[PDB]
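The block underneath contains the structure these notes are about, expressed in structure tokens.
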Amino acid sequence: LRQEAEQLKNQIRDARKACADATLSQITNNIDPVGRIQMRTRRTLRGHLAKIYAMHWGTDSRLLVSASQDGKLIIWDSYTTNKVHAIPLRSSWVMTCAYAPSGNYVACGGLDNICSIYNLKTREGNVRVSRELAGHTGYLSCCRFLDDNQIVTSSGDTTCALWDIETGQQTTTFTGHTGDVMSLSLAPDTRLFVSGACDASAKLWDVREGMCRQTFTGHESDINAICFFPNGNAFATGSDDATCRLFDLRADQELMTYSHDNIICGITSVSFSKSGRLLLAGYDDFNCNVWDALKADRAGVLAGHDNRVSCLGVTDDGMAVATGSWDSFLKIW
Amino acid sequence: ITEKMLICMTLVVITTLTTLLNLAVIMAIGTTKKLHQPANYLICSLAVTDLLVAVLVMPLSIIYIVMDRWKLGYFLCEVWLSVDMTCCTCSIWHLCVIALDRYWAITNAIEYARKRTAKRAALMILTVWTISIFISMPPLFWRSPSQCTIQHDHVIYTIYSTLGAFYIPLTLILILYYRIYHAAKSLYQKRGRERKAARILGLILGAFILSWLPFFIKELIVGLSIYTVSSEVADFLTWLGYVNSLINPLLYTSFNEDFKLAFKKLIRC
Amino acid sequence: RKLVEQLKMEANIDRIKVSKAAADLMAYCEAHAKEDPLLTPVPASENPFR
Amino acid sequence: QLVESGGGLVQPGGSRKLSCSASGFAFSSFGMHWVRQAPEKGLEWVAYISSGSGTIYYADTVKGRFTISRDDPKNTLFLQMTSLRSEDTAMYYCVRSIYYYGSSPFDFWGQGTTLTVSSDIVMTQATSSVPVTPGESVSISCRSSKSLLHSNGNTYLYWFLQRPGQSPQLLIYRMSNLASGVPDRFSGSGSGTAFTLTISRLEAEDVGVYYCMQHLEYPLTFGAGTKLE
Amino acid sequence: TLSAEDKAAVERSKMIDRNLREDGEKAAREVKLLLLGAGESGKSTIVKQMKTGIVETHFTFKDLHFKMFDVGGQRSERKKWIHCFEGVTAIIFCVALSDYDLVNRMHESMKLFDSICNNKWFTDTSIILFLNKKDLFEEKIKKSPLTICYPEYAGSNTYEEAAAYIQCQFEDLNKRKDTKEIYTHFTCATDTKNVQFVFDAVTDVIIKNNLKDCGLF
Ligand SMILES: CC(C)CCC[C@@H](C)[C@H]1CC[C@H]2[C@@H]3CC=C4C[C@@H](O)CC[C@]4(C)[C@H]3CC[C@]12C
Ligand SMILES: CC(C)CCC[C@@H](C)[C@H]1CC[C@H]2[C@@H]3CC=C4C[C@@H](O)CC[C@]4(C)[C@H]3CC[C@]12C
Ligand SMILES: CC(C)CCC[C@@H](C)[C@H]1CC[C@H]2[C@@H]3CC=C4C[C@@H](O)CC[C@]4(C)[C@H]3CC[C@]12C
Ligand SMILES: CC(C)CCC[C@@H](C)[C@H]1CC[C@H]2[C@@H]3CC=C4C[C@@H](O)CC[C@]4(C)[C@H]3CC[C@]12C
Ligand SMILES: CN1CCC2=C(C1)c1ccccc1Cc1ccccc12
């Protein structure tokens with residue numbers, strides 16, 4: 001019964017502790033610190049008139065898409081600041097968006113419980129909603145594209161789903177979280193994905209089968225952001241306890257914790273650099289931090305946002321970092 | 001000599017403070033992205049007029065009162081004495097138009113917020129600028145060495161100027177702020193602190209009536225040839241208006257939490 | 001019961017020592033350190049953002 | 001679906017109104033052009049109006065004689081011609097074009113309507129006729145007086161294919177990209193001055209005239225045209 | 001520097017900016033209300049009088065456009081999406097008077113209202129409180145006195161005194177009385193008067209905000 005569970009939890013904790021021979025801090029203590037990092041506001045995307053909750057970079061590292069309470073997504077050309085597209089939304093309460101890896105579709109969702117997909121390369125010229133993906137019974141946290149046909153989705157229904165856009169329904173529902181799931185991160189090979197939830201747990205899911213491959217705990221509050229390491233064998237979570245963490249899929253435990261006494265504020269977004277050396281965590285203290293992922297030392301600070309930094313992204317070629325904040329302005333560094 | 005040096009140093013300090021405060025207000029309004037409203041545009045225009053006074057009139061007054069000599073020329077003295085009237089009346093009418101804006105925003109808020117635009121703010125600033133120009137320029141048309149002062153040629157011109165430049169704005173501000181204070185009771189008693197609003201409105205009215213009322217009553221009593229005026233009282237009352245110029249950004253900006261947070265942001269970089 | 005079921009499946013996975021994990025992460029970061037425009041300030045000639 | 005009307009016989013020195021009715025796309029966000037083709041010569045750009053009618057351009061040959069206007073609520077593009085010359089006779093094509101990052105300008109061309117009356121970058125396409133057989137590759141060469149490789153990397157050169165008795169269609173945009181729905185056979189290549197269009201596994205549907213246009217700056221000038229048969 | 005296509009792209013961006021500015025002005029002229037309450041608190045009745053996930057009810061009164069956001073379909077954690085409603089000018093909190101004698105839900109309404117009125121996000125948003133199902137209460141108080149709901153009640157078992165006690169409890173649960181205010185009201189089973197009260201509360205909030213911008217409050 002439940003005592004058997006408890007015994008299994010004790011056994012798995014003992015196995016993790018036995019396998020944790022050393023720590024990332026002492027393993028990478030000898031490496032040269034990256035030094036101070038200075039990041040100027042290379043571009044300032046302005047035109048949003050309400051708090052920005054999400055953005056996603058295109059696969060070409062030039063276009064991006066941002067969602068806010070304006071009731072409309074905006075597709076920006078980050079190189080020249082031009083607004084490529086402005087897609088009016090059916091619901092103004094949008095807290096997620098994604099840009100398809102092929103660049104053809106753009107998804108967005110929120111309190112409407114629907115991850116709507118919009119077609120960008122239509123023949124008529126105006127972006128139109130191709131599908132209205134409904135079936136979640138709670139607010140929508142983050143829906144991420146797999147390809148032009150499949151899309152994983154994380155909602156407050158305590159479950160993550162894998163919808164097929166062509167038919168419009170779920171083909172695999174990932175259940176097992178206790179509370180609201182607020183984050184997603186597809187593996188670079190797109191075969192597994194980690195979802196962080198409000199029960200202070202991040203679960204490694206396998207899309208092909210559907211079972212919860214692994215679970216990772218250690219946070220002391222709700223998890224707000226998650227992002228795979230570029231290698232695809234690790235992932236960093238950012239929660240409300242003002243601590244980031246870097247868990248390993250193969251070791252099935254954390255390796256480093258990113259925290260400081262000065263920061264007593266939760267993490268609203270987490271992303272990695274192209275090489276995985278830098279961990280850019282956008283906090284709710286109106287700013288972002290840049291952590292040496294191998295040393296847990298704050299390698300830089302990104303200030304300039306008048307409000308909470310809600311969304312953060314790093315270009316696929318690592319050339320720039322774009323942070324969107326509640327002050328309705330995106331900043332590309 | 002020591003007293004003259006003290007007066008000169010005090011006036012230099014005053015004008016530097018005016019310039020610094022006006023620049024700080026302008027920078028905060030132009031940098032903060034939450035302060036882009038028509039009322040803030042009116043306040044910024046008032047700050048611009050104040051900066052014009054500070055960096056175009058105050059140093060000339062400082063040097064003139066101590067040198068007792070104007071070598072810049074008769075034409076330069078005419079230009080200075082005309083731009084002084086123009087810009088001071090511009091500041092006073094900015095006070096009046098901000099009072100009118102607040103009266104609208106408090107009494108007819110529901111539709112006045114709908115009809116309030118940056119175009120309307122620009123129209124209001126244009127109106128105050130043109131009324132100041134109409135008040136000040138025509139002396140250069142019709143009325144035109146060691147010491148040069150106000151030329152009392154026409155009593156009709158003097159009374160026109162004083163009524164149009166201080167008395168009309170004064171009565172307008174008095175009426176508008178009295179209406180605002182009366183309307184503040186509608187949300188203080190008919191709903192369920194009056195001390196805060198009373199203190200703020202009293203301070204605004206007191207500053208306005210304490211700075212430019214002595215100078216203009218002196219203007220009337222010297223334009224009707226009632227009493228003689230000495231240089232000390234004359235230039236003290238003259239610099240009373242510049243003291244108002246100094247206190248104006250503080251009074252009209254320090255009472256907003258949005259401006260306070262803008263200042264906090266601008267004092268950290 | 002389903003919770004315990006998930007548990008037993010999660011308890012039957014292969015393990016990698018944290019030393020090996022840290023070695024692999026450090027190796028990846030060092031191998032791709034040169035191709036990271038964030039770590040090394042890219043010259044403005046080939047920097048698309050200016 | 002663009003269809004034009006208002007052509008026909010006109011006395012020289014007269015005036016005529018050409019109406020382009022559009023149906024099936026967002027006319028408001030689509031820039032429109034007007035490209036005329038002489039009864040025997042190649043295409044020649046005539047007029048251009050932007051989205052919202054904020055920007056209007058004309059060919060320097062006919063500047064000021066034509067007036068191009070838009071009616072988005074009516075969804076119709078009008079072109080008024082005054083004081084026609086005998087050389088003005090041509091078939092006019094209403095050409096859609098939307099400009100943003102990654103868009104395909106000049107993608108859809110109207111059916112065109114005929115009208116008979118009683119420092120610019122010059123593009124050379126001297127290979128006038130190419131005798132070809134089905135199933136064999138072919139290469140068409142175009143040359144430009146000024147290099148089209150702009151400082152932002154885009155090489156503004158378009159390849160259009162006009163079938164005998166059919167309106168032209170966009171074939172390749174920006175010297176590399178393939179228009180939507182075009183067979184993968186076609187490829188574009190070349191430096192900023194000399195350009196090549198390569199067709200592999202040629203079939204009968206490839207018979208026609210190929211035109212190279214430059215979109216680097218106005219006026220837009222087409223090539224002479226290469227005829228394949 | 002910018003080629004023809006780049007110039008036209010910039011022009012398209014400027015047109016998009018114009019449309020975005022127009023839409024933003026139109027949306028800023030709107031009045032946003034957040035509707036909250038219990039499942040059986042009569043919010044359905046109230047929205048019927050003015051007319052899956054969130055439910056938007058748009059209506060117009062005295063040339064003022066009100067958008068009511070009902071979040072009754074959200075069963076997740078309140079704090080995870082309550083920060084989205086910072087900009088609402090008022091919170092219409094409906095509480096049923098029939099909740100005092102049917103089970104524990106009166107304490108549920110107590111705790112929900114306390115949390116709503118003590119959120120860090122809603123520190124300056126007025127709460128328009130509606131007392132729904134008052135007609136049934138007026139005759140069922142005699143059958144079930146308010147002492148059953150709260151033994152600490154000490155007064156006549158009349159509907160007027162019970163209503164006064166309820167609107168005293170709700171206001172005592174408030175902690176930010178100096179910043180925000182609770183506009184309590186009784187439905188009286190009518191629509192026009194309810195909407196008129198909502199409009200009065202909204203315009204009072206607007207004028208209070210204008211005084212705050214002036215520096216008076
Ligand atoms: C004479 C000069 C030196 C005075 C000081 C500079 C003035 C003119 C500048 C500084 C900051 C500027 C403002 C900055 C931002 C905006 C928002 C924009 O949507 C409309 C214009 C507006 C409102 C500007 C108007 C002009 C402005 C007020
Ligand atoms: C300095 C004096 C002597 C010369 C005249 C300056 C005039 C033309 C300037 C000074 C301050 C300016 C205003 C400053 C800010 C704004 C807000 C924005 O919406 C642009 C228009 C508007 C309203 C400007 C209009 C032009 C303006 C009134
Ligand atoms: C034109 C000549 C006679 C000079 C007149 C100067 C004075 C009397 C004028 C100049 C500008 C005028 C103001 C212009 C606009 C308004 C707004 C209106 O809703 C009420 C009256 C009011 C507030 C006017 C009051 C009178 C006024 C202050
Ligand atoms: C000759 C006349 C102009 C003298 C005026 C003196 C009085 C009215 C002035 C001089 C200094 C002023 C103060 C200067 C600074 C502040 C701090 C600010 O956060 C609130 C207003 C406040 C407190 C001002 C209130 C008005 C004030 C007390
Ligand atoms: C005290 N400053 C400068 C002196 C001065 C001022 C204000 C003034 C300003 C507005 C209206 C009237 C007046 C009076 C007046 C008349 C003629 C020349 C100058 C002045």
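Ligands are numbered from 1 in the order shown, chains are lettered A, B, ... in the order of the structure tokens, and residues start at 1 in each chain.
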Would you list the contacts of region 150-158 of chain B as a PyMOL selection string, taking every protein, DNA or RNA residue within 9 Å and counting only C-alpha atoms, but skipping same-chain residues closer than 4 positions in sequence?
-> chain B and resi 81+139+143+162-163+219-220+222-224
Just need the residues of chain E within 10 Å of chain D, counting only C-alpha atoms, so spit them out as number ranges by chain.
-> E: 1-13, 15-16
Name all residues at most 10 Å from region 98-100 of chain E (count only C-alpha atoms; drop same-chain ones fewer than 6 positions away) and give them as a ChimeraX atom specification.
-> /E:38,40-41,106-109,131-138,140-141,144-150
Distance table requested - chain B against ligand 2, cut-off 7 Å, only C-alpha atoms and all ligand atoms: one row per qualifying residue with the closest atom pair and its distance in Å to one decimal, ordered by chain and rising residue number, as CSV.
```
residue,atom,partner,partner_atom_place_in_ligand_line,distance
B:41,CA,ligand 2,17 (C),5.2
B:44,CA,ligand 2,14 (C),6.7
B:45,CA,ligand 2,11 (C),5.1
B:48,CA,ligand 2,11 (C),6.6
B:49,CA,ligand 2,1 (C),6.8
B:118,CA,ligand 2,19 (O),4.6
B:119,CA,ligand 2,19 (O),6.4
B:121,CA,ligand 2,23 (C),5.8
B:122,CA,ligand 2,23 (C),3.7
B:125,CA,ligand 2,28 (C),5.5
B:126,CA,ligand 2,28 (C),6.1
```
Print the selection's residues with C-alpha atoms to a file, as a short mmCIF file (atom, residue, chain, number, x, y, z; two decimals), in the first residue's frame.
```cif
data_model
loop_
_atom_site.label_atom_id
_atom_site.label_comp_id
_atom_site.auth_asym_id
_atom_site.auth_seq_id
_atom_site.Cartn_x
_atom_site.Cartn_y
_atom_site.Cartn_z
CA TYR B 41 2.90 66.84 -21.10
CA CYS B 44 6.70 69.15 -18.89
CA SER B 45 5.79 72.26 -20.90
CA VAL B 48 10.35 73.88 -20.19
CA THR B 49 9.10 77.43 -19.65
CA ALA B 118 -1.99 64.89 -26.54
CA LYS B 119 -3.47 67.02 -29.32
CA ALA B 121 -2.59 69.26 -24.46
CA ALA B 122 -0.68 70.74 -27.40
CA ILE B 125 0.12 74.89 -24.55
CA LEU B 126 -0.32 76.76 -27.83
#
```
Surrounding residues of residue 6 (chain C) excluding itself and chain neighbours under 4 positions, 8 Å, only C-alpha atoms, as number ranges by chain = A: 212; C: 2, 10
Take the selection from the previous step and output its residues with N, CA, C and O atoms, as a compact mmCIF listing (two decimals), in the first residue's frame.
```
# COMPACT_ATOMS: atom_id res chain seq x y z
N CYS A 212 5.67 8.69 -17.38
CA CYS A 212 6.59 9.62 -16.73
C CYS A 212 7.93 8.92 -16.55
O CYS A 212 8.09 8.08 -15.66
N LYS C 2 -1.40 3.52 -8.20
CA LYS C 2 -0.75 3.95 -9.44
C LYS C 2 0.53 4.70 -9.12
O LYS C 2 1.50 4.62 -9.86
N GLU C 10 10.24 3.91 -11.94
CA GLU C 10 11.29 4.91 -11.84
C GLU C 10 12.47 4.42 -11.02
O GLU C 10 13.56 5.00 -11.12
```
Pull out every residue of chain A sitting within 7 Å of chain D, counting only C-alpha atoms, and send them as JSON, numbers by chain.
-> {"A": [84, 124, 125, 126]}
Please determine the contact residues of chain E with respect to chain A at a cut-off of 7 Å, counting only C-alpha atoms, and supply them as number ranges by chain.
-> E: 10, 13, 16-17, 24, 52-54, 74-76
All residues having an atom within 10 Å of ligand 3 (only C-alpha atoms and all ligand atoms) as a PyMOL selection string | chain B and resi 93+96-97+100-101+104+124+127-128+130-132+134-135+160+163-165+168-169+171-172+176
Would you put the residues from that selection into a file with C-alpha atoms, as a CSV table (one decimal), in the first residue's frame?
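Listing of part.csv after writing:
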```
chain,number,residue,atom,x,y,z
B,93,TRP,CA,-0.8,80.6,-17.8
B,96,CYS,CA,-3.8,78.2,-14.9
B,97,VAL,CA,-4.2,75.6,-17.7
B,100,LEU,CA,-8.2,73.8,-15.7
B,101,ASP,CA,-7.0,70.3,-16.7
B,104,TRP,CA,-11.9,68.8,-16.0
B,124,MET,CA,-3.6,74.2,-24.5
B,127,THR,CA,-3.1,78.8,-26.3
B,128,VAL,CA,-1.0,79.9,-23.3
B,130,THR,CA,-0.1,82.8,-27.9
B,131,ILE,CA,-1.8,84.7,-25.0
B,132,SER,CA,1.6,85.4,-23.5
B,134,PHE,CA,-0.1,88.9,-27.4
B,135,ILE,CA,0.4,90.3,-23.9
B,160,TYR,CA,-4.2,95.6,-19.5
B,163,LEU,CA,-4.9,92.1,-15.6
B,164,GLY,CA,-4.2,89.7,-18.5
B,165,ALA,CA,-0.9,88.4,-17.0
B,168,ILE,CA,-7.1,86.8,-14.8
B,169,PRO,CA,-5.0,83.7,-14.2
B,171,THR,CA,-9.0,84.4,-10.4
B,172,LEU,CA,-9.2,81.5,-12.8
B,176,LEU,CA,-11.0,76.2,-10.4
```
Would you mind listing what lies within 10 Å of residue 190 (chain D) as a ChimeraX atom specification, with only C-alpha atoms counted and same-chain residues fewer than 4 positions away left out?
-> /D:141-143,155,175-176,194-197
Can I get the selected residues back with N, CA and C atoms, as a PDB file, in the first residue's frame?
```pdb
ATOM      1  N   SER D 141      20.425  32.895 -68.495  1.00  0.00           N
ATOM      2  CA  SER D 141      21.332  33.855 -67.884  1.00  0.00           C
ATOM      3  C   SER D 141      20.782  35.269 -68.008  1.00  0.00           C
ATOM      4  N   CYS D 142      20.863  36.019 -66.911  1.00  0.00           N
ATOM      5  CA  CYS D 142      20.471  37.418 -66.872  1.00  0.00           C
ATOM      6  C   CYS D 142      21.617  38.227 -66.282  1.00  0.00           C
ATOM      7  N   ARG D 143      21.749  39.472 -66.733  1.00  0.00           N
ATOM      8  CA  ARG D 143      22.834  40.332 -66.286  1.00  0.00           C
ATOM      9  C   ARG D 143      22.278  41.691 -65.894  1.00  0.00           C
ATOM     10  N   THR D 155      19.439  39.602 -52.360  1.00  0.00           N
ATOM     11  CA  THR D 155      19.730  39.826 -53.775  1.00  0.00           C
ATOM     12  C   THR D 155      18.396  39.958 -54.500  1.00  0.00           C
ATOM     13  N   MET D 175      16.262  35.527 -56.103  1.00  0.00           N
ATOM     14  CA  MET D 175      17.344  34.819 -56.782  1.00  0.00           C
ATOM     15  C   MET D 175      17.593  33.442 -56.175  1.00  0.00           C
ATOM     16  N   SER D 176      16.997  33.167 -55.037  1.00  0.00           N
ATOM     17  CA  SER D 176      17.201  31.870 -54.406  1.00  0.00           C
ATOM     18  C   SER D 176      15.903  31.193 -54.007  1.00  0.00           C
ATOM     19  N   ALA D 194      25.728  38.718 -62.287  1.00  0.00           N
ATOM     20  CA  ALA D 194      25.298  37.707 -63.244  1.00  0.00           C
ATOM     21  C   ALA D 194      24.470  36.656 -62.522  1.00  0.00           C
ATOM     22  N   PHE D 195      23.324  36.303 -63.101  1.00  0.00           N
ATOM     23  CA  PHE D 195      22.371  35.407 -62.468  1.00  0.00           C
ATOM     24  C   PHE D 195      21.971  34.309 -63.440  1.00  0.00           C
ATOM     25  N   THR D 196      21.699  33.128 -62.893  1.00  0.00           N
ATOM     26  CA  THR D 196      21.315  31.967 -63.678  1.00  0.00           C
ATOM     27  C   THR D 196      20.086  31.311 -63.070  1.00  0.00           C
ATOM     28  N   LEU D 197      19.164  30.912 -63.939  1.00  0.00           N
ATOM     29  CA  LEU D 197      18.005  30.110 -63.575  1.00  0.00           C
ATOM     30  C   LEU D 197      18.155  28.752 -64.243  1.00  0.00           C
TER      31      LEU D 197
END
```
Please find the residues of chain E near chain B - the criterion being any atom within 12 Å, counting only C-alpha atoms - and write them as a compact mmCIF listing (two decimals) with N, CA and C atoms, in the first residue's frame.
```txt
# COMPACT_ATOMS: atom_id res chain seq x y z
N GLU E 25 -5.94 52.52 -27.62
CA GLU E 25 -6.80 53.58 -27.12
C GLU E 25 -8.21 53.07 -26.87
N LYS E 26 -8.75 52.29 -27.81
CA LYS E 26 -10.09 51.75 -27.64
C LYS E 26 -10.18 50.84 -26.42
N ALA E 27 -9.15 50.02 -26.19
CA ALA E 27 -9.15 49.12 -25.04
C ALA E 27 -8.90 49.87 -23.73
N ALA E 28 -8.17 50.98 -23.78
CA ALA E 28 -7.94 51.76 -22.57
C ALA E 28 -9.19 52.53 -22.17
N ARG E 29 -10.03 52.91 -23.13
CA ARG E 29 -11.31 53.52 -22.78
C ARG E 29 -12.27 52.53 -22.14
N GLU E 30 -11.97 51.23 -22.18
CA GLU E 30 -12.83 50.22 -21.60
C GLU E 30 -12.75 50.25 -20.07
N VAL E 31 -13.75 49.63 -19.44
CA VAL E 31 -13.80 49.49 -17.98
C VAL E 31 -13.81 48.00 -17.67
N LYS E 62 -24.71 54.02 -19.75
CA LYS E 62 -24.42 55.45 -19.72
C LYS E 62 -23.18 55.79 -20.55
N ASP E 63 -23.12 55.20 -21.74
CA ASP E 63 -21.99 55.38 -22.66
C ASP E 63 -20.67 54.98 -22.03
N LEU E 64 -20.69 53.95 -21.19
CA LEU E 64 -19.48 53.37 -20.62
C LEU E 64 -19.51 51.87 -20.88
N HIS E 65 -18.40 51.33 -21.37
CA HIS E 65 -18.32 49.93 -21.77
C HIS E 65 -17.66 49.12 -20.65
N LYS E 177 -8.40 49.64 4.24
CA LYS E 177 -9.49 50.60 4.21
C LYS E 177 -9.02 51.99 3.79
N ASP E 178 -7.78 52.36 4.12
CA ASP E 178 -7.29 53.68 3.75
C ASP E 178 -7.04 53.81 2.25
N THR E 179 -6.54 52.75 1.61
CA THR E 179 -6.30 52.80 0.16
C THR E 179 -7.56 52.47 -0.63
N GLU E 181 -11.69 50.83 -0.97
CA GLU E 181 -12.97 50.90 -0.29
C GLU E 181 -13.86 49.78 -0.81
N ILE E 182 -14.75 49.30 0.06
CA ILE E 182 -15.72 48.28 -0.28
C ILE E 182 -17.08 48.95 -0.43
N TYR E 183 -17.64 48.88 -1.64
CA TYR E 183 -18.96 49.44 -1.92
C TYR E 183 -19.97 48.30 -1.82
N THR E 184 -20.58 48.18 -0.65
CA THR E 184 -21.55 47.11 -0.43
C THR E 184 -22.92 47.52 -0.95
N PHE E 199 -22.26 51.33 -12.00
CA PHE E 199 -21.74 52.49 -12.70
C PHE E 199 -21.33 53.59 -11.73
N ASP E 200 -22.11 53.80 -10.67
CA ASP E 200 -21.74 54.80 -9.67
C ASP E 200 -20.42 54.43 -8.99
N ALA E 201 -20.26 53.16 -8.63
CA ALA E 201 -19.01 52.74 -8.01
C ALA E 201 -17.84 52.90 -8.97
N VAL E 202 -18.04 52.56 -10.24
CA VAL E 202 -16.96 52.68 -11.22
C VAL E 202 -16.57 54.13 -11.43
N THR E 203 -17.55 55.02 -11.58
CA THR E 203 -17.22 56.43 -11.76
C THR E 203 -16.60 57.03 -10.50
N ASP E 204 -17.01 56.55 -9.32
CA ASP E 204 -16.37 56.99 -8.09
C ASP E 204 -14.91 56.56 -8.06
N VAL E 205 -14.62 55.33 -8.51
CA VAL E 205 -13.24 54.87 -8.59
C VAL E 205 -12.45 55.72 -9.58
N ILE E 206 -13.06 56.07 -10.72
CA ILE E 206 -12.37 56.87 -11.72
C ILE E 206 -12.03 58.25 -11.16
N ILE E 207 -12.99 58.88 -10.48
CA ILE E 207 -12.74 60.21 -9.93
C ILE E 207 -11.73 60.15 -8.79
N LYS E 208 -11.76 59.08 -7.99
CA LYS E 208 -10.74 58.90 -6.97
C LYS E 208 -9.36 58.75 -7.59
N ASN E 209 -9.26 58.00 -8.69
CA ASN E 209 -7.98 57.85 -9.37
C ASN E 209 -7.50 59.18 -9.95
N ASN E 210 -8.42 59.99 -10.47
CA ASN E 210 -8.04 61.30 -10.98
C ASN E 210 -7.56 62.21 -9.86
N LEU E 211 -8.22 62.18 -8.70
CA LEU E 211 -7.72 62.92 -7.55
C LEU E 211 -6.36 62.41 -7.10
N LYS E 212 -6.14 61.10 -7.18
CA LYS E 212 -4.84 60.54 -6.84
C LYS E 212 -3.76 61.05 -7.78
N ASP E 213 -4.06 61.11 -9.08
CA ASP E 213 -3.13 61.67 -10.05
C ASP E 213 -2.91 63.16 -9.80
N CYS E 214 -3.92 63.85 -9.29
CA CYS E 214 -3.76 65.26 -8.94
C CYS E 214 -2.91 65.43 -7.68
N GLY E 215 -2.93 64.43 -6.80
CA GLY E 215 -2.25 64.51 -5.52
C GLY E 215 -3.16 64.68 -4.32
N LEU E 216 -4.48 64.62 -4.49
CA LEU E 216 -5.42 64.85 -3.40
C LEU E 216 -6.01 63.56 -2.84
N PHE E 217 -6.52 62.69 -3.72
CA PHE E 217 -7.26 61.48 -3.34
C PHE E 217 -8.58 61.82 -2.64
```
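Nearest to chain A of all the residues B:59, B:67, B:74, B:31 is B:31, based on only C-alpha atoms.
With only C-alpha atoms taken into account, the protein and nucleic acid residues at most 10 Å from residue 175 (chain E) (excluding it and anything under 6 positions from it in its own chain) are residues 114, 117, 118, 123 and 181 of chain E.
The coordinates place CA of residue 44 (chain A) at 29.7 Å from CA of residue 29 (chain C).
Going from CA of residue 309 (chain A) to CA of residue 268 (chain A) covers 6.8 Å.
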